[PDB]
Ligand SMILES: [Fe+3]
Ligand SMILES: [Fe+3]
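Chains as they are written, first to last, in the deposited numbering: chain A, 29 to 230; chain A', 29 to 230. A prime marks a further copy of an entry chain.
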């Protein structure tokens, strides 16, 4: 069975309290993330060789996939990739920026505080469903960008370093309309060591 | 003061229980709808003559508004118009299709049940944030369509007859990921008399 699979949550479902509630972690991982994976697998039954593509390969070739599944793959491979990435980029452990990522942030944004203010504003300003990202070009230059729905920077040859889900399902149970509070609290759980590994993998 | 205003909810905040929870009615009307109106008013301070346009006129002329506010008006006039419409199209009173709207539904969909199945599927399939609509052309022909985010059929010269908000804020507190249950339950509160008036106003 080479079908796509849901990666088990890398920590306990209540591990990110009180910043993200356990009930939301359960729904977000066990229902939403699961649905993207199930729908993706369903769409590829017609073209089983695509089970041998990685999620990244699917996202990098949306415009050359067979026409009848291009959109469903964009949405569901997007959802699967983004959520796996998102749960991996959070942690109950205490972490801080270090090494080349720490330096790159200062280089490209001036300081960590300036980077943080820009990321928070970009996340706050996403209209509708979507994501805010810290991304790197192939040469390691950092920038902040957003994507709508489950679109991914990977599709634009940009490599995600950290990313924040601002679909309302990600924050409504605890924060309701107060997305600003969700965004601010999320920085307490960002896994900077994972972010560093993402940056090093260029 | 000719600024745009939030229309007071046309019934008690708990009037739509148990189909839509009181807490959601409060947030949806007092926070989300309010924010669209506030942001719209803010954007028009630079062009105060636009306070004399109706919301419909704004939505019908997005591509000819001054370039610097076109997008913010699309989103926020959209939000203001759509929510006023949405709260108006629900009621705690019992209503059923009648008169020309009842006949048009049978004419254009075959039966009410066929109309309902199509509407429910369209609402379920909206990906990301958006709306499902029953709309009419100027000549009274009915169809079902969806819009993303706060885009409106009005901008495409289609007249909304009923419409359902499927942004996650509209259903997450009570239904979480189970949008299907929200959609099915919503038909208990559709105001068919209001829908008839919408259809007659062509
Ligand atoms: Fe999500
Ligand atoms: Fe809404």
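We put the beta carbon where it would ideally sit given N, CA and C, even for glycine.
Contacts of residue i in chain A' (Cβ-Cβ under 9 Å)
i                     : result
residue 195 (chain A) : 156, 157, 196
Contact test: residue i Cβ vs ligand 2 heavy atom, cutoff 7 Å
i                      : result
residue 193 (chain A') : yes
residue 60 (chain A)   : no
residue 57 (chain A')  : no
Cβ-Cβ separation, residue j to residue i (assumed contact under 8 Å), whole Å
i                      : j                      : result
residue 166 (chain A') : residue 112 (chain A') : Not really, about 22 Å apart at Cβ, beyond 8 Å.
residue 55 (chain A)   : residue 205 (chain A') : 6 Å
residue 32 (chain A')  : residue 68 (chain A')  : 6 Å
residue 100 (chain A)  : residue 71 (chain A)   : 5 Å
residue 159 (chain A') : residue 194 (chain A') : 7 Å
residue 109 (chain A') : residue 83 (chain A')  : 4 Å
residue 146 (chain A)  : residue 172 (chain A)  : 5 Å
Residue i to residue j span [Cα, whole Å]
i                      : j                      : result
residue 196 (chain A)  : residue 38 (chain A')  : 26 Å
residue 103 (chain A') : residue 47 (chain A)   : 30 Å
residue 188 (chain A)  : residue 170 (chain A') : 44 Å
residue 156 (chain A)  : residue 179 (chain A)  : 13 Å
residue 64 (chain A)   : residue 168 (chain A') : 39 Å
residue 225 (chain A)  : residue 181 (chain A)  : 17 Å
residue 148 (chain A)  : residue 161 (chain A)  : 10 Å
residue 228 (chain A') : residue 186 (chain A') : 14 Å
residue 143 (chain A') : residue 57 (chain A')  : 28 Å
residue 217 (chain A') : residue 77 (chain A')  : 38 Å
residue 138 (chain A)  : residue 175 (chain A)  : 24 Å
residue 135 (chain A') : residue 141 (chain A') : 12 Å
residue 81 (chain A)   : residue 150 (chain A') : 31 Å
residue 207 (chain A') : residue 132 (chain A)  : 42 Å
residue 164 (chain A') : residue 85 (chain A')  : 18 Å
residue 230 (chain A') : residue 223 (chain A') : 12 Å
residue 192 (chain A') : residue 75 (chain A)   : 35 Å
Within chain A', partners of residue i - CB distance below 8 Å
i                    : result
residue 55 (chain A) : 204, 205
Neighbouring residues, chain A, relative to residue i (Cβ below 7 Å)
i                      : result
residue 103 (chain A') : 155
residue 210 (chain A') : Chain A residues near residue 210 (chain A'): none, gap ~13 Å exceeds 7 Å.
residue 59 (chain A')  : 205
Residue i Cβ short of 7 Å to ligand 1 heavy atom set
i                      : result
residue 198 (chain A)  : yes
residue 111 (chain A') : no
Residue i: contacting residues in chain A (beta-carbon distance under 8 Å)
i                      : result
residue 200 (chain A') : 196, 197, 200, 201
residue 177 (chain A') : 155, 156
Chain-ordered neighbours of residue i on chain A, where CB pairs are closer than 9 Å
i                      : result
residue 110 (chain A') : Per Cβ cutoff of 9 Å: no residues; residue 110 (chain A') is ~13 Å from chain A at best.
**Asked** Should the segment 121–130 of chain A' be called in touch with the segment 198–213 of chain A', which here means at least 3 C-beta pairs below 8 Å?
**Response** Counting Cβ pairs under 8 Å, fewer than three are found: no touch.
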